[PDB]
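Contents: one structure, followed by commentary.
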Amino acid sequence: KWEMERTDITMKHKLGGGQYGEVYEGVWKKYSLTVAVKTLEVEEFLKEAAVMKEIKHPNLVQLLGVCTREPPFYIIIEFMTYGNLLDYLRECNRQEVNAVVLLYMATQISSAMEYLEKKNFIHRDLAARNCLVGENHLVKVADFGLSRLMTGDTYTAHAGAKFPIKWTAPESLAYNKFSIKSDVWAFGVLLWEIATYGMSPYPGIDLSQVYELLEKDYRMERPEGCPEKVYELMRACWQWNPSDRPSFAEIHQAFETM
Ligand SMILES: CNC(=O)c1cc(Oc2ccc(NC(=O)Nc3cc(C(C)(C)C)nn3-c3ccc4ncccc4c3)c(F)c2)ccn1
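Residue numbers (PDB author numbering): 234 to 273, 279 to 496.
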């Protein structure tokens, strides 16, 4: 019942200024409803759809349908008007997108991640560039496969593997060890991204030197205007030992009872 017919969608523009891969603005003509359309090798492409069929949460991206074993193949997703969170923060009116709205943003992502934690999913690339902003500041967690779509300024090699270095937990850099706790660390950086209205992490520091810095216990400074308690949440997310890091259940609770 997920199967749609290609011709029921009118295809329009490339999303994200054309830096988010083969994903388009489209319209489900029957409902006059704007949708996002991922277009197409096929076995990875089909496995994405399968995963997304088992994802239902208000702060996670929502499959609407697929067009299958015929090219072009589509994955059709509910449309998020305002696009990615990174660019959103960077270009927003900060009286409208004020500290309350920043908090509401973080609280939404932690709910999404609480849900992924319960489902034993590991995201592996959490960051503001992978979050979507819709009407009334609704935020949804997504995965655009950006490691194949971006450059060495964001994704590059550490010890012979490719990483989004400045979002990557130390044990993942050192052992290719990925877990829900490596996603917590990433969440830490994403909280810093939100609080800075989309500043790049470790400003001015080359991706080359990040691991050694962390290892000597350096972490990023408290952003301007960020409450001490939210900063300590970042610092909790960035414990060297993944065991010492809070669960997403724990983080969500902290926002709830602030
Ligand atoms: C203006 N509006 C817009 O720009 C706009 C654009 C928009 O486009 C898309 C957004 C999200 C996706 N897809 C995903 O998010 N995939 C995903 C989620 C997860 C989770 C659920 C596990 C996080 N795992 N994987 C996921 C799973 C397997 C994968 N295998 C290979 C590659 C990637 C993969 C990703 C997409 F295809 C298109 C939607 C709404 N608005």
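The C-beta atom is built at its ideal place from N, Cα and C for all residues, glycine as well.
Per-residue DSSP class, three states only, for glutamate 236 | In the three-state DSSP reduction, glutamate 236 falls in the strand class (E or B).
Nearest candidate by alpha-carbon position, reference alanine 407, set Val339, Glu453 and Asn368 | If we check each option's Cα against that of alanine 407, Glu453 comes out closest.
For ligand 2, is there a heavy atom less than 7 angstroms away from the beta-carbon of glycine 249?
-> Summarising the ligand content, the structure contains ligand 1 and does not contain ligand 2.
Under the criterion of a Cβ to heavy atom distance below 7 angstroms, does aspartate 381 qualify as lining ligand 1?
-> yes
Chain-order list of residues whose beta-carbon lies under 6 angstroms from that of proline 484 (same chain, five-residue window excluded) = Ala474
Go to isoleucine 489, then tell me how far its alpha helix (DSSP H) extends in each direction, as first and last residue.
-> First-last of the alpha helix (DSSP H) with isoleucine 489: 486 to 494.
Quickly, what does DSSP pair residue 275 with across the bridge? List them, please.
-> For the chain, the structure lists 273 followed at once by 279, and that leaves residue 275 out of the model.
Let me know the secondary structure DSSP gives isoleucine 360 once reduced to three states.
-> coil
Would the C-beta of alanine 269 count as close to ligand 1, meaning under 7 angstroms from any of its heavy atoms?
-> Within the cutoff, so yes.
Just reading off the beta strand (DSSP E) that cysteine 330 is part of, what are its end residues?
-> Here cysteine 330 belongs to no beta strand (DSSP E), and DSSP marks it neither H nor E.
Taking 7 angstroms as the line, does the beta carbon of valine 289 fall inside it for any heavy atom of ligand 1?
-> yes
Over what stretch of residues does the alpha helix (DSSP H) that includes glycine 303 continue unbroken?
-> First-last for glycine 303: 301 to 305, but that is the beta strand (DSSP E), not the alpha helix (DSSP H).
Are the segment 304 to 321 and the segment 282 to 296 in contact at 8 angstroms, needing three or more beta carbon pairs?
-> yes
With distances taken between CB atoms, is the gap from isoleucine 242 to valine 260 smaller than 8 angstroms?
-> Going by C-beta atoms, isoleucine 242 is nearer than 8 angstroms to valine 260.
In chain order, what residues of the same chain lie with their CB nearer than 8 angstroms to the CB of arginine 457, ignoring the 5 residues before and after it?
-> Hits under 8 angstroms: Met472, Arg473 and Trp476.
From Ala344, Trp405, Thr392 and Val280, pick the residue whose C-alpha is nearest to that of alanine 433; which is it?
-> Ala344
Range covered by the alpha helix (DSSP H) that runs through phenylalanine 416 = First-last for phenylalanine 416: undefined, no H or E at that position.
Is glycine 321 helix, strand or coil by DSSP?
-> DSSP places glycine 321 in strand when its eight states are reduced to three.
Going by CA-CA distance only, name the one from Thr240, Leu273, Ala269 and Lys271 that's closest to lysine 262.
-> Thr240
Element boundaries [alpha helix (DSSP H), containing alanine 407] | No alpha helix (DSSP H) holds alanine 407; DSSP gives it neither H nor E.
If you check the beta carbons only, do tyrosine 435 and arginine 332 fall under 8 angstroms apart?
-> yes
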